[PDB]
Structures are given as C-alpha cells and as structure tokens.
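A short write-up of the structure that comes next.
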Amino acid sequence: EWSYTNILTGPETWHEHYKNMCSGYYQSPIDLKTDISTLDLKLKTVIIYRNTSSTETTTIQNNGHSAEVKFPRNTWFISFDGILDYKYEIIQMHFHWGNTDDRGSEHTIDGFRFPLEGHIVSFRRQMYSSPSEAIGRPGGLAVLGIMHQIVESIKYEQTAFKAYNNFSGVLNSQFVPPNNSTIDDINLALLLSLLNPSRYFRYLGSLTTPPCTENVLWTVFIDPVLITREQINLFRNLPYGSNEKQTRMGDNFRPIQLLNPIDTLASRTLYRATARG
Ligand SMILES: *[C@@H]1O[C@H](CO)[C@@H](O[C@@H]2O[C@H](CO)[C@@H](O)[C@H](O)[C@H]2NC(C)=O)[C@H](O)[C@H]1NC(C)=O
Ligand SMILES: NS(=O)(=O)c1ccc(NC(=S)Nc2ccc(F)cc2)cc1
Ligand SMILES: *[C@@H]1O[C@H](CO)[C@@H](O)[C@H](O)[C@H]1NC(C)=O
Ligand SMILES: [Zn+2]
C-alpha cells in the first residue's frame, strides 16, 4: 500500500516499495524550466474531440487519493497531429491539489506551484487495443496536464467548472472513498479552449503514483485555466482514504523528480511548443 501523508508508505518510500518503476530515472513530475528546455517547432496544437455517437455515462470516484473521473470507452480522444483518427483515447481524469492555495500541482513551471493540476489520461489506441493492454506496456500512455489558477473576479461560465459541470455537485464531505457517482459528461473540448493548446512542455516520463511506470508521453500546458477559491475548497472537502495520516484530502501531489538523476543511462530532454508564430 501507498499514501501521500503517512510517512511509512509515503512518496519518499515508493522507490523501495515499488522499485519497478518508482526507482527509475525517467520519473514525473519534474520542474518545467522555460530556459533549459528545447523549443521544437514541429510539435503541433493539441486537439481534444468527442465521438458524437457515444451515449454512455461518465462517473467520478473518490479513490482515496484523488477525485477520478472515469470516461466511457470510445468517447473522448486526443489528436497531436491534426488528424481525427482516434490515435489517443482518453480513459480518465484526476486531480492533485493542496491544503493551501499556494501549492497543489505536481509539475512546477520555473519552480512555481499551482493550486490544482488536472491529468487527462489517454492510451495509444494507435498501437494498443485497450486501456488495460496499454497501461503496463512501453509507450502505452499520453497524459495532459492542466494547471488551474484562482481568480477573485470571474463569472462561473468562464471558469473550468463550467466545462466540468461542477462535477454534478459530488465534491463534498459525504463523498467518501470508494464511492462512485454518475456525473454529467465533462466538456473536455471547452476545457481546452480556456487555455492556449499550442503552448506546452513535452517530455517522456512516468505515472506520478505507484507503480510510477515509465510509459507516459507528457504534455503540460503553460497557461492555466481559471477557478475560484470556492471551487478549490470543494476538493478540500473530500475525505482521504484510511491509509493516510491526514483526514481531509489535500497535498495529494508527488515531490519533484530530476529530469536527469545522476544514475541515468541515457539523458532525456525537456521540449517546449508554441504556435506557428
Ligand atoms: C454550477 O454552480 C453554479 C454556482 O453554484 C450554478 O449557478 C449560478 O451561476 C452563477 C454565475 O457566476 C454562480 O456564481 C451562482 O452561484 C449561481 N447563481 C444562481 C442564482 O443561479 C450553476 O448553475 C451550476 N451548474 C450546473 C449546471 O449545475
Ligand atoms: N497521476 S498520473 O500520472 O496522471 C496517473 C495516470 C494513470 C494512472 N493509472 C491508470 S489510468 N490505471 C489503470 C488504467 C487502466 C486500467 F484498465 C486499470 C487501471 C495512474 C497515475
Ligand atoms: C463511437 O461510438 C459508437 C457508439 O457507441 C461506437 O460503436 C463507435 O465504435 C465509436 N467510435 C470510435 C471508437 O471511433
Ligand atoms: Zn495524476
């Protein structure tokens, strides 16, 4: 078992409890350094798109470590090449946040932490026929990281919670693990339009929870979407699972890893994208 807040099973111990692959040298998250990174003009605008034929329901679960939206199969997709041919299929979205407004994200941008980081998880359908085939195999996954920032003055309609449909009001103190509820579908395309989908960091890394598999193509958008203090506080109402020391869910982020730990056998590079200027 693992946790974020119990020192016996917490992030500092993952490298020993889950050597495959939390002891690896292509771990995530990392500090996304604007100065150090390599601008690669070939990396294209990200597109998220829906299959309009899909009618299946979306659900959300308190899994004890995060709030996790589970999307139905064959519904939401990512394109990184401008073609809408289902190369990447979205599986779930979950969130990492802080006890306080000045931390919570897993990635940092030039050392800066955001209050909330969302992770849209997809599998390389182009190669693998199902999520469960992809999740443990090389090159199986692509995750999008969406930073959120708190503003004081904003209409609900322009916040990320409009795309999320407030998660159908499920984020509250009675949403205890491992409860799951049906929720309204999440408009992921609207969510993406709240930021610049051409402006992002790109690197090869890992899942950020055990077993930290090193099979994730990461894309982290630089511009945040916007939320309110009221909205962040809804997440903080969720209870942690019983293996955590802290009662309410918060600080559910993994500490920063190095792009290239000293023991690396082949260095990786951090890339950056921007719009055809
Ligand atoms: C999601 O939550 C909001 C806020 O509770 C809902 O309704 C209103 O929208 C304004 C716009 O800025 C909010 O600030 C207000 O709190 C609400 N005002 C009133 C009097 O309705 C919104 O409808 C919810 N969305 C759904 C579809 O559940
Ligand atoms: N925090 S993260 O790095 O974004 C991250 C992303 C994804 C996961 N695990 C998943 S999707 N597991 C799973 C996938 C398919 C299945 F059939 C069963 C389980 C963990 C962390
Ligand atoms: C879209 O949804 C329909 C109906 O659920 C499904 O049969 C079809 O295969 C889906 N298309 C994909 C996954 O590209
Ligand atoms: Zn995550």
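Quick note: residue numbers are just sequence positions, from 1. Start at 1 and go down the list; that is how both ligands and their atoms are numbered. Values below: every heavy atom of this structure, side chains too, minus hydrogens, waters and symmetry copies.
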query: Is there a ring-ring contact (aromatic ring centres under 6.0 Å, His included) between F112 and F114 once you walk through the steps?
result: CA-CA 7 Å; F112 178 84; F114 292 86; 4.9 Å; yes

- prompt: Out of curiosity, is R50 lining ligand 3, as in a heavy atom under 4.0 Å away?
  reply: no

message: Ring centres under 6.0 Å, that's the criterion: do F167 and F95 meet it?
response: yes

query: What part of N74 sits under 4.0 Å from ligand 3 if we count only heavy atoms: the side chain, the backbone, both or neither?
result: both

message: Using heavy-atom distances only, which candidate in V121, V143, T208, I135 approaches atom 3 (O) of ligand 2 most closely?
response: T208

field: Minimal non-hydrogen separation, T274 against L39, with atom names
entry: N-CD1, 4.2 Å

field: Shortest non-hydrogen contact from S23 toward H15
entry: CB-O, 3.6 Å

- prompt: Within a strict 4.5 Å, meaning less than it, do heavy atoms of the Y240 and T5 side chains meet?
  reply: yes

- prompt: Any idea which protein heavy atom is nearest atom 17 (F) of ligand 2, and the distance to it?
  reply: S132 CB, 3.5 Å

query: Contact between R254 and ligand 2, counting heavy atoms under 4.0 Å?
result: no

- prompt: Would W97 and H148 count as a close aromatic pair, with their ring centres under 6.0 Å?
  reply: no

- prompt: Can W218 be said to touch ligand 2, with heavy atoms closer than 4.0 Å?
  reply: yes

message: Within the 4.5 Å heavy-atom criterion, are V143 and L217 side-chain neighbours or not?
response: no

task: Would you check ligand 1 and list the protein residues that come within less than 4.0 Å of it by any heavy atom, ordered by chain and number?
output: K155, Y156, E157, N165, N166

query: Under 6.0 Å between ring centres, would you say that holds for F80 and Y88?
result: yes

- prompt: Given the rule that I, L, V, M, F, W and Y join up when any side-chain heavy atoms are under 4.5 Å apart, are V121 and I135 in one cluster?
  reply: yes

field: Between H94 and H96, ring centroids under 6.0 Å
entry: yes

- prompt: So, for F123 and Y128, is the gap between ring centers shorter than 6.0 Å?
  reply: no

- prompt: Which ligand 3 atoms are under 4.0 Å away from a heavy-atom of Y86?
  reply: 14 (O)

- prompt: Taking side chain as C-beta onward, heavy atoms only, is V176 less than 4.5 Å from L238?
  reply: no

field: Heavy-atom protein contact below 4.0 Å for atom 19 (C) of ligand 2
entry: no

message: Suppose I only count heavy atoms of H96 and a 4.0 Å limit; which atoms of ligand 2 are within that range?
response: 1 (N)

- request: Answer yes or no for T209: is there a heavy-atom contact with ligand 2 below 4.0 Å?
  value: yes

- prompt: Would one find an N or O of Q92, backbone or side chain, under 3.5 Å from an N or O of ligand 2?
  reply: no

Side chain, backbone, both or neither: the part of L207 lying under 4.0 Å from ligand 2 by heavy atom: both

query: Who's closest to atom 12 (C) of ligand 3 heavy-atom-wise, of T55, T75, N51?
result: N51

